[PDB]
Amino acid sequence: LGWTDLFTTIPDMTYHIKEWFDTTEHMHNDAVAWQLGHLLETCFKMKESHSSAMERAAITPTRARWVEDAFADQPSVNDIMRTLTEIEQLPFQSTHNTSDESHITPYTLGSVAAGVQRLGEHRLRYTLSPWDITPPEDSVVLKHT
Amino acid sequence: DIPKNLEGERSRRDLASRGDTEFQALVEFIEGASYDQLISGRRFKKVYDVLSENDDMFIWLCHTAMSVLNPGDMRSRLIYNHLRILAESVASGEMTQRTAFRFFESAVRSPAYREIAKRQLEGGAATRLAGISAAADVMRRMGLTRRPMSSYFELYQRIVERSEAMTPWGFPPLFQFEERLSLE
Amino acid sequence: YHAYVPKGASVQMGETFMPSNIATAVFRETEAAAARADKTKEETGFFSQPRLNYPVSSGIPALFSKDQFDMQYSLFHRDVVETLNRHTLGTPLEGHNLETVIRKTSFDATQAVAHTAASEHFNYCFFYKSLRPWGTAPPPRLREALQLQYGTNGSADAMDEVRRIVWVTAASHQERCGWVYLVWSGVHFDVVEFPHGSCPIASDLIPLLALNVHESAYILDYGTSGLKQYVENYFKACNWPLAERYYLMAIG
Amino acid sequence: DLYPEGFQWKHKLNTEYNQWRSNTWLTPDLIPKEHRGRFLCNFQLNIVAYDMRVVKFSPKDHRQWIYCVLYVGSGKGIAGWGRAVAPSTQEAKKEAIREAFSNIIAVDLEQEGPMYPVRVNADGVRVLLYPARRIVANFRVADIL
Amino acid sequence: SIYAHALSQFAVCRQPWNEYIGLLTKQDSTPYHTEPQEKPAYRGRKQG
Amino acid sequence: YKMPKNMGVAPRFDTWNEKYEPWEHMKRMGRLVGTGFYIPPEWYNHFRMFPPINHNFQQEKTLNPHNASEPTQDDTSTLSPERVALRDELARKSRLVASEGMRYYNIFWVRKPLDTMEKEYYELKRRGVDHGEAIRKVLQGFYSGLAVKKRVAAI
Amino acid sequence: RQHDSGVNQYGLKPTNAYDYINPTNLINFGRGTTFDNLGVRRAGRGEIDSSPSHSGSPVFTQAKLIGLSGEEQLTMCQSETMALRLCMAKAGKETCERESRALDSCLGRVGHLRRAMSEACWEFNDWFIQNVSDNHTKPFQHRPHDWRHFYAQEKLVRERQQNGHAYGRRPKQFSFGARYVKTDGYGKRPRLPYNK
Ligand SMILES: [Mg+2]
Ligand SMILES: [Mg+2]
Ligand SMILES: [Mg+2]
């Protein structure tokens, strides 16, 4: 939307800004213009590290299409509501029902092994593993070690 | 070795009509093959000293090309101007090679430099082409040599010979540059 | 702003003739364009298409429409380069000159793919460098050399004779897949025909002018039968002083 | 202003400015390369001391070398000091002089005297430079200042 | 939270910059990685 | 009493750097030029507006080896040891995968198999494929691609 | 300029106050000395004061390293000469030039091998001088008193164990038969020194 021009992936940008402007020298607005400008160009303006896949986007292009079919140019909220109502009734086989990649809401544990271990602190482990609890068919006479 | 001073008309006349000294030295050495003279080790020494007058300047440049991991992008006008100025200050004796080198590596490049370097380099060693094309470019645009090629050739040659040496691109800090005690 | 404007479109003046609909369509296209630019940036291999020294946004004058030339540049050639890149990586030929790819894949199968692709890439390159948009008049020294060989007792007869012989060689190539060259054997001029997937450098000649006799080249404009007209036009648009300076460098 | 502009006028050469305004232009051997055309000023010379050291070149050979200490100064804010061990008297003089031009220091005279005490030791010599109403010092130290 | 639930479906995960910048094509890459030897340190005023 | 031979001319192993450090010449030349009585050398005309970096300090005054003193001369693997293990192991299982992007010199504007494969390795892992299987699977991917290629070559 | 920064017209350039008072040091060391040989305080090679130094003690064993000319020296062909000696000692009826050929083939190679090793070792002497040697500038590490500080650290320890008292003190040596010749009531084993 061009709300802002500048973007960065650098850890703790704040420190680097500080110590960059410490090495900087004069206060004449030429010097200032260049120093600021160079900082902006090197980090905050996106070149060579960047891709469209990688920026965080809610409105990724199918979503835009849908939005403008829903909310664009509708002169009340009521219009919007019966528009929506009319859209939720479309079958899965209709041309005009378009799919999209949906961002998966992340799980807590992330894997099933984690599920077991997490479950297992609410439980009491057995002293012996399941395959040896049941006595041998032979008889083991217990001696001192 | 008392360097002359510029003076009134005769000295400037003598600067004008000076011509090429590097070729003159060579003629005078060669001329020892004339029937009435001998071949002189002194004439050759004077030849040598005029061929190598710059010499160490080239040497300095080698270090800026090969002795520095990640000296930024050397094509960009900024780092380029750093290099240019320092070179012109190694020539004309305004600075020591040590001081110029320590200047070059400590020159200002770009904010959060290392963290931008993590976006290109693994172990922080850039590629050396930009550096050599730059360091030849400076010597060409500075007027350092009378004949144009010599800059590029010497800088290239001196690198290629060192390529075969054990631990070629590292140097002891004390012997690398001008210091009280030196290498033979 | 040049960087931010996508590859195809032109940057011009607002006449404010835009309805909101197509104004939005444009931004959509631009969005997708950014996407495909991001993927092309990584799909980039070692070799790449040549920058054209002359504007082709309109056709190449007296010769090509926009669509003909652009069907060469941005369809067949760009493909050839894709193949060349795909097969020069994973092999001993990674990251060498166009040459030492042309030259070390010469005359053999099992590198046949690489060689064909490489020599194709060259042929196209040299073809574009061979066309000067409004055409040039062939320079005196080259005119002299050409006279000593082809000229039979007529004024600059060498020019109409060369531009004849080329037509002949082109029509004498039946496949309509390949290249017609004017080259310097090192002892004399002659016009050669190379089949598709062969170049003057593999045969170690020194090329002066290239002509594209691929059917794909003249098919959109001159039709199936229009080759004669095509060549005739090519001489309105060819680049002679190039051929000349290459010739003089070959001699010394 | 930490790094002031200084003198930029290029209408003559450095060597012509130097020639006109400086006595130093007359003695091109006594000056090191980095300073050659650089001074606009006249320098007083003060020979503090002469002395004799024996120099043994071999178990038979013995030479008499002398030892000079002097300091170059110009009341315009620039001085420097040098010493040398040479064969002749003239030699150690010229030597120590180009040594004293190698070591030249400057002082910012905006403040006319130090604004806080400087306590510093040269080798084994403990020195105090402090603010006073006027110049007080041993005669020699006094006109070095 | 009792209900943000409607928001949660068109909600957006946060993008993987760490490994993206890890896997960027680099100009120091090597077929087989070697760790640098150990650099010279300062052993004190007498040793240098 | 016997000493090491050259101790007379032995340099000060802590302080011999000071003399040459860029800041020094910046300050000195700064108050020298300020006089009005010196003609600034041109290096000073330049570094006047690009004064050198602040916090690089030598190893003599700071006694630490681990301190990375230089923004420039620094070398530290960006590769975390896990990554090292992974792409190193990938590359030992096949030399073709390792060599691919860089046979001679590093061709750094082209994507490389080692990276692509690492990418889809992590890809597999987060779909819950285990270590070994993910590795042989990615390797199979590369090999079947290569199979296509060299089939075309033969055809 | 035309030559080094640390050497002027008359000799080494005298920076510290030791050189202004004692300016023999400026130009003299050893027998091997030349005027260009100042500032390089090491002289030529095969020459007096050419020897490179390692932590201050000079390196005089170089040949001994590559196993040319050493008592421990690297030996090329053994199996040969032992085989041939065996033959020579066994009997005189049959004679073997069959072995002597194998053997002198071996030696014939050995020559160029040795020139190779000698060459490489001279390269080592040079590399060493550039990148390792301090040129006799740093204090010896190779004699025990040079490590005195270290030893002190342990004396200190044995003292604090003794209630911070007997420094450099050790247990009195006893007798060969100390334990078994002494009656009850007398110390049969040597005590801590504070425990006298
Ligand atoms: Mg004694
Ligand atoms: Mg002695
Ligand atoms: Mg001796």
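Bear in mind that the values in this text are calculations on the coordinates, not laboratory data. Here the Cβ is made from the backbone with ideal geometry for all residues, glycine too, and neighbour counts use every protein chain on show.
Regarding region F:10-27, can at least one residue be identified that is within 14 Å of chain E (Cβ to nearest Cβ) and within 16 Å of ligand 2 (Cβ to nearest atom)?
Checked against the condition, which is being within 14 Å of chain E (Cβ to nearest Cβ) and within 16 Å of ligand 2 (Cβ to nearest atom), region F:10-27 yields at least one hit.
Which numbered condition trips up F:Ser94, out of (1) in contact (Cβ under 8 Å) with a residue 40 or more places away in the chain; (2) under 29 Å from B:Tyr80 (Cβ atoms); (3) hydroxyl-bearing (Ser, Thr, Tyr)?
(2)
Find all pairs meeting these conditions: Cβ atoms under 7 angstrom apart; at least six residues apart or on different chains; first residue within region D:1-21 and free of Cβ contacts under 8 Å to residues at least 12 places away in the same chain and within 22 Å of A:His28 (Cα to Cα); second residue assigned to a loop (DSSP other than H, G, I, E, B) and small (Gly, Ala, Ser).
Pairs found: D:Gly6/F:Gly36.
Taking helices (runs of 4 or more DSSP H) that do not extend beyond region G:1-98, which have at least 1 residues that are more than 16 Å from ligand 3 (Cβ to nearest atom), over 21 Å from the mean Cα position of the chain (by Cα) and surrounded by 12 or more Cβ atoms within 10 Å (Cβ to Cβ)?
Passing ranges, in order: G:17-21, G:79-90.
Kindly indicate whether any position in region F:22-31 is over 28 Å from G:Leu26 (Cα atoms), surrounded by 20 or more Cβ atoms within 10 Å (Cβ to Cβ) and either of a type in the set (A, V, I, L, M) or within 16 Å of ligand 3 (Cβ to nearest atom) (or both).
yes
If I ask for residues that are out of contact with any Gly (no Cβ under 6 Å at 6 or more places or on another chain), over 13 Å from G:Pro58 (Cβ atoms) and within 14 Å of chain D (Cβ to nearest Cβ), which ones from region G:21-47 would you list?
G:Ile21, G:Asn22, G:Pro23, G:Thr24, G:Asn28, G:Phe29, G:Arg31, G:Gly32, G:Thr33, G:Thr34, G:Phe35, G:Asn37
Just name the residue that is surrounded by the most Cβ atoms within 10 Å (Cβ to Cβ) out of those in region A:12-48 that are outside any helix (DSSP H, G or I) and in contact with a helix residue (DSSP H, G or I) (Cβ under 7 Å, 6 or more places away or on another chain).
Step by step, filter region A:12-48, then rank; the result is A:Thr24.
D:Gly124 is checked against (1) loosely packed, with under 13 Cβ neighbours inside 10 Å; (2) under 17 Å from G:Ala17 (Cβ atoms); (3) within 14 Å of chain F (Cβ to nearest Cβ) and fails just one. What number does that condition carry?
It fails just one condition, (3).
Just one of the numbered conditions (1) over 23 Å from the mean Cα position of the chain (by Cα); (2) in contact (Cβ under 8 Å) with a residue 12 or more places away in the chain; (3) more than 30 Å from A:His26 (Cβ to Cβ) is not true of D:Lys56; which one?
Looking at each condition in turn, D:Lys56 falls short on (2).
What about F:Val9, is it surrounded by 19 or more Cβ atoms within 10 Å (Cβ to Cβ), within 16 Å of ligand 3 (Cβ to nearest atom) and not basic (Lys, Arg)?
yes
Which one of these is within 16 Å of C:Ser216 (Cβ to Cβ) and either touching a residue at least 60 places away in the same chain (Cβ under 8 Å) or out of contact with any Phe, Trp or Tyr (no Cβ under 6 Å at 6 or more places or on another chain) (or both): C:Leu52, C:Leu63?
It is C:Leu63.
For residues that are within 14 Å of chain E (Cβ to nearest Cβ) and of a type in the set (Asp, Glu), scanning just region A:66-118, find the one that is farthest from E:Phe10 (Cα to Cα).
A:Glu88
Only one of G:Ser55, G:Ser5, G:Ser51 is within 12 Å of chain F (Cβ to nearest Cβ), within 30 Å of G:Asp146 (Cα to Cα) and more than 16 Å from ligand 2 (Cβ to nearest atom); which?
Result: G:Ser55 is the single residue among G:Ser55, G:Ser5, G:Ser51 that is within 12 Å of chain F (Cβ to nearest Cβ), within 30 Å of G:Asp146 (Cα to Cα) and more than 16 Å from ligand 2 (Cβ to nearest atom).
Looking at D:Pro87 and the list (1) out of contact with any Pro (no Cβ under 8 Å at 6 or more places or on another chain); (2) over 30 Å from G:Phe29 (Cβ atoms); (3) away from chain F (no Cβ under 14 Å), which single condition is not satisfied?
(2)
Give just the number: which of (1) surrounded by fewer than 17 Cβ atoms within 10 Å (Cβ to Cβ); (2) part of a loop (DSSP other than H, G, I, E, B) does C:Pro133 not satisfy?
(1)
Starting from region C:7-24, take each residue that is closer than 28 Å to C:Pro55 by Cα and list its partners that are not in a helix (DSSP H, G or I), counting only C-beta distances under 9 angstrom and pairs at least six apart or across chains.
From region C:7-24, the pairs are C:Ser10/C:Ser57; C:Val11/C:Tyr1; C:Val11/C:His2; C:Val11/C:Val5.
How many residues does region B:121-169 contain that are assigned to a helix (DSSP H, G or I) and not aliphatic (A, V, I, L, M)?
Total meeting the criteria: 15.
Scan region G:17-30 and report the pairs whose first residue is within 12 Å of ligand 2 (Cβ to nearest atom) and whose second residue is assigned to a helix (DSSP H, G or I), with Cβ atoms within less than 8 Å and a gap of 6+ or a chain change.
Going by the 8 Å Cβ cut-off, the qualifying pairs are G:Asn25/G:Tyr18; G:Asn25/G:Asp19.
For F:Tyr1, are the conditions met, namely being away from chain E (no Cβ under 14 Å), assigned to a loop (DSSP other than H, G, I, E, B) and of a type in the set (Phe, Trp, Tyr)?
Criteria met by F:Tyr1.
Quick one: in region B:27-80, which of the residues that are assigned to a helix (DSSP H, G or I) and among the hydroxyl-bearing types (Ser, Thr, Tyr) is surrounded by the most Cβ atoms within 10 Å (Cβ to Cβ)?
The selected residue is B:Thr64.
Looking at (1) assigned to a helix (DSSP H, G or I); (2) more than 14 Å from chain F (Cβ to nearest Cβ); (3) in contact (Cβ under 8 Å) with a residue 40 or more places away in the chain, which is the one condition that is false for D:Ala100?
Unmet condition: (3).
Based on this model, can you work out whether D:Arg119 counts as surrounded by 13 or more Cβ atoms within 10 Å (Cβ to Cβ) and not hydrophobic (A, V, I, L, M, F, W, C)?
Spelling it out, it is not the case that D:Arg119 is surrounded by 13 or more Cβ atoms within 10 Å (Cβ to Cβ) and not hydrophobic (A, V, I, L, M, F, W, C).
Could you please tell me which pairs satisfy a Cβ distance under 6 Å, a separation of 6+ or placement on different chains, a first residue in region D:106-121 that is more than 14 Å from chain F (Cβ to nearest Cβ), and a second residue that is surrounded by 10 or more Cβ atoms within 10 Å (Cβ to Cβ) and in a loop (DSSP other than H, G, I, E, B)?
Going by the 6 Å Cβ cut-off, the qualifying pairs are D:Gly113/D:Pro131; D:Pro117/D:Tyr130.
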